[PDB]
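# Survey of secondary and tertiary structure
What follows is the residue order along each chain.
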Amino acid sequence: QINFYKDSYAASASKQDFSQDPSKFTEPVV
Amino acid sequence: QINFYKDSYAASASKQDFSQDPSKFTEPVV
Amino acid sequence: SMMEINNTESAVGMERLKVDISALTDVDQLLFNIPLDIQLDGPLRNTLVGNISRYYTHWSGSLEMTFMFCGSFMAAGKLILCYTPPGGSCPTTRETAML
Amino acid sequence: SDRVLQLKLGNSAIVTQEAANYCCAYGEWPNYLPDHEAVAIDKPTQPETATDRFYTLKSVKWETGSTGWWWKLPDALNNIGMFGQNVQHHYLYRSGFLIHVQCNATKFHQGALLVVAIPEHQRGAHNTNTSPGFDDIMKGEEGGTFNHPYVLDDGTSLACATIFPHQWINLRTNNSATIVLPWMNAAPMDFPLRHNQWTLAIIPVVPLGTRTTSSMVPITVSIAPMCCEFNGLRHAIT
Amino acid sequence: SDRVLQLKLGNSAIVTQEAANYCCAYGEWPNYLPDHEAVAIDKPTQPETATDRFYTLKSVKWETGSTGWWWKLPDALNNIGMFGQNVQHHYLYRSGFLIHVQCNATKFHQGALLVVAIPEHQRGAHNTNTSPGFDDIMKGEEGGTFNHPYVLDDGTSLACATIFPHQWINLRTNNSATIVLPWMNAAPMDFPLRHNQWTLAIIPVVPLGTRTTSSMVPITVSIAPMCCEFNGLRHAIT
Amino acid sequence: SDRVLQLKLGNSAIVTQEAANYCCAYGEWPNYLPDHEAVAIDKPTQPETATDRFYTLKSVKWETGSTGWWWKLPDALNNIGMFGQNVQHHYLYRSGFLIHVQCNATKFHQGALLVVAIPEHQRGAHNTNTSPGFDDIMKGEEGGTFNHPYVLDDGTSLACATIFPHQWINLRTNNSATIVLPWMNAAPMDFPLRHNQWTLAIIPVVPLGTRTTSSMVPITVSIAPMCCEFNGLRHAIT
Amino acid sequence: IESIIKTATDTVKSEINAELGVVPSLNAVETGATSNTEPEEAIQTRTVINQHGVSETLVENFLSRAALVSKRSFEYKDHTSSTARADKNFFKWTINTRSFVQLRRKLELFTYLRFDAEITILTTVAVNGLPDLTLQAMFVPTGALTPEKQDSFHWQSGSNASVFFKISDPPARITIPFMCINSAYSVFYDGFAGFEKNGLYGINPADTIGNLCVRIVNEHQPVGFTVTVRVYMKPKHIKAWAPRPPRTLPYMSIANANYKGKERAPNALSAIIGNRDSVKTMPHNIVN
Amino acid sequence: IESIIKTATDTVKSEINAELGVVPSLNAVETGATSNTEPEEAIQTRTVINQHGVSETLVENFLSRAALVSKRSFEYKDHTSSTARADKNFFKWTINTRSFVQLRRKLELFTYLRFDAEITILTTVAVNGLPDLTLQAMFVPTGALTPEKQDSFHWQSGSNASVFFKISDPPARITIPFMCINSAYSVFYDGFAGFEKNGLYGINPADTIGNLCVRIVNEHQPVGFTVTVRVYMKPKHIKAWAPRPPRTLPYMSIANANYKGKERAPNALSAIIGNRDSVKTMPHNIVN
Amino acid sequence: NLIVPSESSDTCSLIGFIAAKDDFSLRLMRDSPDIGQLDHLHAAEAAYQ
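Presented here is an overview of the structure given in this document. (Residues numbered from 1 in each chain as written, not as in the entry; some residues may be left out. Chains lettered and ligands numbered in written order. Part of a larger assembly, values for the part shown. Heavy atoms only, no water.)

## Let's talk about the overall build of chain G
Condition: For helices the rule is a DSSP run of H or I covering at least 4 residues; for strands it is a run of E covering at least 2, with both sets numbered from the N terminus onward. When we talk radius of gyration, it's over C-alpha atoms, and the globule rule is simply 2.2 Å times the number of residues to the 0.38.
Per the secondary structure count, chain G includes three helices and ten strands. When its helices and strands are written in sequence order, chain G yields β-α-α-β-β-α-β-β-β-β-β-β-β. Its C-alpha atoms give chain G a radius of gyration of 26 Å, more than 25% over the compact-globule value 19 Å for 288 residues. Seen through its principal axes, chain G has C-alpha atoms that stretch 85 × 50 × 45 Å.

This is the structure in structure tokens:
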């Protein structure tokens, strides 16, 4: 959000990755 | 980044100069 | 930048920077082996690749060993310089090392 | 339709007539190391038929009082065939695996096999603070018997072991599990003699039971490395 | 200009600063077996860096009373490195060779080496009707010393041995011969443990002579297989 | 092609037939002080042929037990010729240097010279806290012998001295190093009698060794100032 | 099929299904696939627009909660007479997720983790008035030279990232980056660190962050104080691979996954889940 | 050829090279050039897209880490009976990179440095409760009038840049600019400062920043306190010229580059690198 | 072999160099273990006087 530092790892936590793929676990078959 | 001072030396460290020339050291010959 | 491959006793000062090789009566003899730990103490430590990397912990990329022969112009010889990737012991015979 | 399955790798081939399916582990098929992920700069040897083939391990006797069996990969294969000679002569390897576990019995036997491939199975010893040594982990071709498979020998749960790539050999339904493992390491390649990425684990969740004449029912394991690379050539170690 | 030569094969590389040239034997560079010439139907393993590299043999002491040295290929290399393990694990092989024979002395020494690569060097024993046995032919990594190199140990002539692919190491002029051998067999592939196609032969036509302090002058041989194929995978034999 | 080299500066000229190359130090050729970098406002005298020429220093006897030799610039030249008279009569100078170190022996001798030009070589005395005095640093035309050249007499390393502008006189390969030094100072000009920017350092990394008749092998140094300016004219000091 | 899922999925209505050939309740566990029987396919459902967000189950939100990783009460006094085992006004700490079991079991849910440590160092002080002590927390890499004294010259921090902070200040929070040489922290390392057979099993030093050498910058004061330094690590920018069974048995050590279990159920070796009377006995039964 | 290099360079694949005339492994050290033998040109490589950033090796990032440059514990008490050598509640300090060897060896890697000092003055206090003392750190130029007392009238700071700060506050951070009369700080000064022959060798006063006169603004309190003032310098906006061999031998003094070395290897005079048995003896050998 | 005539020295020398390539990279900066400091350096007390 704010991130006045020069390093991209120093930012806040990226709590926005809503992409999920359960089908590599629930349906791992070919 | 921020630099609310009136002096350009008072700013943060300029960690952006990626220009390098190793050929004045590794190949110093004519 | 020069390696101290001759990091032994009785090599005092500048004799540590050069490796004395001689004529040999036996076949395919080991002359020297070099510890490759840049980050640890050894021949690579007091080098430009070594002293700067001991300001760091994680290092990558390929090295570059250059060996300048300093015999006479009449001196003829041939050497093999085997970089063995790790896992096993330091190879003591040439048949082990040229693989 | 999916009960018959022929797996042609190299000169090896395995047909099976009671198969369930074949599990492409985490939805990932094995591949060679791409250039953007590559780290070792030298050209890797990719033999493609001398290693990419089914190396059949020693069968283990599936019995009543059995607790389990585990083979750590590639530790099961570091001395077998041209995969073993490429392991001993190279510092690095990157190989997926195609585990095909064979275990059949009659239509009167019962039992269930949790054929589960555990990535990075850091084992734990029981009732001691001493870590498991080299001989307790690196069993080689023989594999190891589970001591407490109910906790998978690391304090975890067998009940949740289906989070890993797994298939079941229910002797009622099928007789062969097939798990196709990709390269599962944080590093792109690794040193095979001191690290094992996948650990095939075979566990009697339902024991072998019948009322007929007790024939020996063994469990045969046929692990095929897939998409082998090998960097860092040197002398052999063994 | 042609005196300097760097030969980069695999992880191996050889520079030489007093070279004459490099002889592409019979005007033929090594290649893999094409499909129209192919016989074995299974896919050959082509490791391309584990074998296609300089395997440096043991040096031999070039002396005054020396008669010669011979190494039969691939018999010199059937136990060395990943070429040796591919030989022992496969029924067939097809490989060219890049022989680079190293022998240097001072500018005061004299001598001439006939570095000649003889295809199908059927040796003969002297003053007997018994054929040379297995131990007389298949010396392995050590190689063999010529008994009568003036007739090349088969009743032929050394004087006409330049009909074969050859180079000379005249210690006056150069110090390294380089012969690049193709696959020289009537068959496309062959069984390596009972047949040798090329025989590197090294002969003192002019002996080592000088008046200075007698340093040991050895002859080092660095044979690199080229364009290796291997069909017919099985267990190792050695 | 690059083994022959003729360096024409002023009335002086030096040919050499076994040269390696000539090192333009830090990729920088000497030039006069530009107007945007200029500080002293008066018009500098630029004699351009009375100083821009090879002033050949005294030769030093390259022996077995020798530790090294160093000449500090322009302290080696503050009393020689028209460079010395321009030094004594002016407060400021700005001059690059073209060091050409001559040292030859036979084709039977061996040895290696680290001809290295060290900018701002603040020397240190050994086993004392007292700084080196005026006589220990400002040796003049004679130069100084290294006391501990393995640490370059300042606690640093000889092993890393190749970070400076350097060339090697390997008596096997060449017999003359040539280093072309620019103006290396934080200030544009400086007072020559109390400061030395470049220090030519000549170090026996491989000592002089042979088995023939021990002729005297000396090391001759020919330092040419380049692009001389001189501001601040006054009486001479010496 | 990778898809963006922000809320839990809706439930479509369904009707009476009487169809040959299509048996959606019948599935094959032996394939290893989890059963794809929808609730529409098994029972008769209504239309439900499910607005329940799945955002709190994100692995970023799962693991980015600053949990305790280190805690040392150490005496702050004259150490001229103390033994050469206790903390003489400084402690080294190899930064280690394994010391405290709430964060350890959460990070050992996965095999490989790629996170940035947000180290918060809470220093608190008790008397054996409170002083306003200044503390240095010099970050030393794994295996590098750790200091030997409080006033040793390793604390000058020529290149090691020291953080200087006070007790009266808010707690010092720094961000340790992703510092593994591999592309993820091997939480479990089935293998050995060394090439010889003496190496410790399971401990990959690439998984190890480094040392956290923490001293008190002030000199020794005439009364002794017990200074407790709590270190809180918040994993952030988290990518997580290959989830594992959560550990049921109690931990024995920080160096390995040894197990003993409780003496009785629950969480025992022979019985993880607490026992009941029979398989047909309901423990929490609604008896009216 | 000057080029912008953000990541380490990629490795192209290569094939079997058997060519006369082109010998890329053969190079000439006697020219002084470092060998341009590419890894493609020496051995047979694969295509590697190298994404390793070179940003942490930047000389700005190399030297802009605030390292210790000064440290004085000085008594804070009645100085009416103390000797006329100790700090009577103030200390002058000629600002000097040479006092502490971690920053000194880093700055002595180069010959000429152009940096701005980011001086952070950490003051910490111990009792011989802690007071909240106010400190003045008056920046005096090189050679100018330094104060003689705590309450002398040089501390009024008519033009000298004083910074007034407290112990309870965050540490006082000021920015000393590039204050050399030359275009770079001569880290090594092969020469003399004076025109007469009495001048100190190696010490250029243009390299010297100035004095840092630091007093405690409060009067003397009835109990005595030991106040330790640590000064941390962060070089910034750094331009660096002509790198040097890093110093291997231990430093002897701050005024010069004298050397004695350790008694034995490592870092000794006759032997910088630690000894081994022979040139063909491998010390850390993988023996199984 | 190393083969010299009767007028060259029988014990020749090898100077071994090492540099790094353009592939090379360094990260995770630390202080150097090549230098140490047991006490204050000499005249460091005289920088305060």
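So that's the structure; there's more coming.
## Quick word on the overall build of chain C
Our working rule: Burial classification: accessible surface area is computed with a 1.4 Å probe over protein chains only, and a residue below 20% of its type maximum counts as buried, one above 50% as exposed, and the rest as partly exposed. Contacts: residue pairs with any heavy atoms within 4.5 Å of one another. Here the Shrake-Rupley method, with its probe set to 1.4 Å, supplies the accessible areas, and only the displayed protein chains count as covering residues. For the purpose of charge, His is not counted, nor are the chain termini; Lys and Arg are scored as positive and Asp and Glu as negative. For the purpose of locating charges, the reference atoms are NZ of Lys, CZ of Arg, CG of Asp and CD of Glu.
Check the secondary structure of chain C and you find two helices and four strands. Each principal axis of the C-alpha atoms in chain C carries an extent, and together these give about 45 × 35 × 25 Å. Taken over 99 residues, chain C has a buried fraction of 59%. Sequence-distant contacts in chain C: of pairs separated by 6 or more residues, those separated by 24 or more amount to 41%. Accessible surface, chain C as shown: approximately 3,600 Å² in total, 54% of it carbon and sulfur. Between the centroid of the 6 positive side chains of chain C and the centroid of its 10 negative side chains there is a distance of 4 Å.

## Brief notes about unusual backbone geometry
Cis geometry marks the peptide bond from F:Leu73 to F:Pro74, where omega comes out at 10°. With respect to the element layout, F:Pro74 can be found in the loop between β6 (69-73) and α1 (81-88). Between H:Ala265 and the following residue, H:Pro266, the backbone shows a cis peptide bond with an omega angle of 5°. Inspection of the secondary structure assignment puts H:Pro266 in the segment after β11 (225-243). Although it is not a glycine, H:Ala242 sits at a positive phi angle of roughly 55°. Structurally, H:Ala242 is set in strand β11. Since its relative accessible area comes to 6%, H:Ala242 is described here as buried.

## A closer look at the pairing of strand β10 (residues 225-243) of chain G
Two faces make up the sheet, and in a regular strand the side chains alternate between them. Residue and element names in this part refer to chain G. Rule in force here: A pair of strands is treated as paired once DSSP finds two or more bridges between them.
Judged from the nine bridges that link them, strand β2 (residues 67-76) and β10 form a sheet pairing that is antiparallel. The partner of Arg72 across the bridge, within β10, is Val229. Inspection of the sheet shows strand β4 (residues 110-127) paired to β10 by 16 bridges, in the antiparallel sense. Looking across to β10, one finds that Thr124 is bridged to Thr228.

## A look at a nonpolar patch on the surface
The cut-off we apply is this: Here a patch means residues that are over 30% exposed by relative accessible area and free of salt bridges, tied together within 9 Å if like-charged and within 5 Å if nonpolar (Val, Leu, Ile, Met, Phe, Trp, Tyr). When a carboxyl oxygen of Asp or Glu lies within 4 Å of a side-chain nitrogen of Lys or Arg, that pair is called a salt bridge.
Taken together, A:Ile2, A:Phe4, B:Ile2 and B:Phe4 make up a surface patch of nonpolar side chains, about 540 Å² in accessible area. Structurally, A:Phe4 can be placed in the segment before β1 (19-20). Taking the relative accessible area as the measure of exposure, A:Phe4 reaches 56% and is therefore exposed.

## Describing the arrangement of the chains
Separated without contact, chain F and chain G have their nearest C-alpha atoms at a distance of 19 Å. No interface is formed between chain A and chain I, the nearest pair of C-alpha atoms being 14 Å apart.

## Examining the packing of aromatic side chains
Selection rule: Note on aromatic contacts: the rings of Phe and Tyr and the six-membered ring of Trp form a pair at centre separations within 6.5 Å, being stacked when their planes are under 30 degrees apart, edge-to-face when over 60 apart, and tilted otherwise. For a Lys NZ or an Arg CZ to count as sitting over a ring, it must be within 6 Å of the ring centre and within 35 degrees of the ring normal.
Within this structure, the stated rule accounts for 43 aromatic pairs over all chains. Centroid distance D:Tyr91 to G:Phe195: 6.0 Å. Interplanar angle 45°. Geometry classified as tilted. Separated into two different chains, D:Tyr91 in the loop between α1 (81-89) and β7 (94-102) and G:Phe195 in the loop between β8 (185-186) and β9 (211-216) make up a pair that spans both. G:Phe195 gets classed as partly exposed once you look at its relative accessible area, which sits at 22%. Among the aromatic side chains, those forming a connected cluster through ring pairs are H:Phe74, H:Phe91, H:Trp93 and I:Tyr48. When the ring centre of C:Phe73 is taken as reference, the NZ or CZ atom of F:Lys107 above it lies at 4.4 Å.

## Remarks on the pairing of β4(G)
Residues and elements named next belong to chain G. For β4, the buried fraction is high: 13 of the 18 residues fall into the buried class. Note: β4 against β8, two bridges, orientation antiparallel. In the strand pairing of β8, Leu113 is matched with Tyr185. Sheet topology note: the β4/strand β7 (residues 172-176) ladder contains five bridges and is antiparallel. Counterpart to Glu118 in the pairing with β7 is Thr175.

## Remarks on the interface of chain G and chain D
The condition is simple: What gets called buried area is simply the loss in accessible area from a 1.4 Å probe that two parts show on being joined, summed for both. Amino acids are sorted into nonpolar (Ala, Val, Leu, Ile, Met, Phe, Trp, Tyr, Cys and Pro), charged (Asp, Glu, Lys and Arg) and polar (every other residue, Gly among them).
Residue-level contacts link 44 residues of chain G with 53 residues of chain D. For the pair chain G and chain D, the two sides together bury roughly 4,100 Å², of which 57% comes from carbon and sulfur. A per-residue breakdown of the area chain G buries against chain D is headed by G:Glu30, G:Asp190 and G:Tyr259, which together make up 20% of the total. Joining chain G to chain D, the criterion identifies two salt bridges. Within the residue set of the side of chain G that touches chain D, elements represented by two or more residues are β4 and β10 of chain G. Of the residues that constitute the side of chain G that touches chain D, the class distribution is 23 nonpolar, 14 polar and seven charged.

## So, the sheet that holds β9(G)
Residue and element names in this part refer to chain G. Spatially, β3-β9-β5-β6 is the arrangement adopted by the four strands of the open sheet, whose pairing is antiparallel. Either end of the sheet is taken by a strand with one partner, and the two such strands are β3 (90-91) and β6 (161-166). One ladder, built from six bridges, connects strand β5 (residues 134-140) with β6; its direction is antiparallel. Residue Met138 lies in a different strand from β6, and its bridge partner there is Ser162.

## Remarks on the interface of chain G and chain C
To keep things clear, this is the line we draw: As used in this structure description, the phrase polar contact means that two N or O atoms lie within 3.5 Å; if the pair is within protein, one of them must be able to donate a hydrogen and the other to accept it, and residues adjacent in sequence are counted only when both atoms belong to side chains.
The interface is formed by six residues belonging to chain G together with five residues belonging to chain C. Across the chain G to chain C interface the summed buried area is about 380 Å²; carbon plus sulfur atoms make up 70%. Our enumeration of links across chain G and chain C arrives at zero residue pairs in polar contact. For the side of chain G that touches chain C, the class distribution of residues is five nonpolar, one polar and no charged.

## Thoughts on the packing of α1(D) against helix α1 (residues 81-89) of chain E
We count it as follows: Axis definition: a line fit to C-alpha positions, over the contact stretch in the case of helices; interaxial angles, taken between N-to-C directions, run 0 to 180 degrees. Working rule for angles: under 35 degrees goes down as roughly parallel, over 145 as roughly antiparallel, 65 to 115 as roughly perpendicular, anything else as oblique.
In contact at an axis separation of 11 Å, α1(D) and α1(E) are set at 170° when each is read in the N-to-C sense. Accordingly, the angle class assigned to the pair α1(D) and α1(E) is roughly antiparallel. Two secondary-structure elements touch here, α1(D) through D:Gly81, D:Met82, D:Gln85, D:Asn86 and D:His89 and α1(E) through E:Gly81, E:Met82, E:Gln85, E:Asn86 and E:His89.

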